[PDB]
Every structure is written in C-alpha cells, then in structure tokens.
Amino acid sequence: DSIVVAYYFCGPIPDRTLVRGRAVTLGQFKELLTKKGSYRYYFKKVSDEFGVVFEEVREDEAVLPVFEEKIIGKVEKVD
C-alpha cells in the first residue's frame, strides 16, 4: 500500500521516505520537491536491454521503476 523511496539529490542519500502506493508516479515523487523546473530525474531499473540502468523519467505521469523493493533514484540539477 506504501513503498520505500531513496534517491540521490546530486552528489546525499536523504532518508528513505514512505510513499503511498497507487503505482508511485514521477509527479508524485517531485511533488515532494520545491524550486524545480530544471531538475533531472533518473531511476535505477532492472534492464540490460540489448546490467541495470538509471533510466531518465521526464513525464509527471510515468510509473516509477522498482528496484529491490524500493524506488532507488537519482535527481540532479542542470546549469
């Protein structure tokens, strides 16, 4: 019903947060953030599409991939 999230805000391992589970969305993740607009999101996903990757997610409506039993992600800023 709720899953764990742990991301990297360029560099931080901010504390694993609980996030409600209706398939956690990218917009559902970035509504936890302020002063965005120029953030860039990746999420560790099990895929060696021809071993694992950090696939960029840009749509507020995409399902976020699930690694292990969480959503290990990585958000970094542009310039």
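Residue positions are given as counts along the sequence shown, with the first one as 1.
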Unresolved deposited residues in the interval that joins residue 50 and residue 51: 1 to 3
Between neighbours residue 22 and residue 21, residues that the deposited sequence lists but the model omits: none
Going by the B-factors listed in the PDB entry, is the mean over the C-alpha atoms higher for 26 to 34 or for 40 to 48? 40 to 48
Entry-reported Cα temperature factor of residue 3, expressed as the chain third it lands in: middle
The third of the chain into which the C-alpha temperature factor of residue 69 falls is the highest
Sort the modelled residues of this chain by their C-alpha B factor and say whether residue 56 lands in the lowest, middle or highest third. lowest
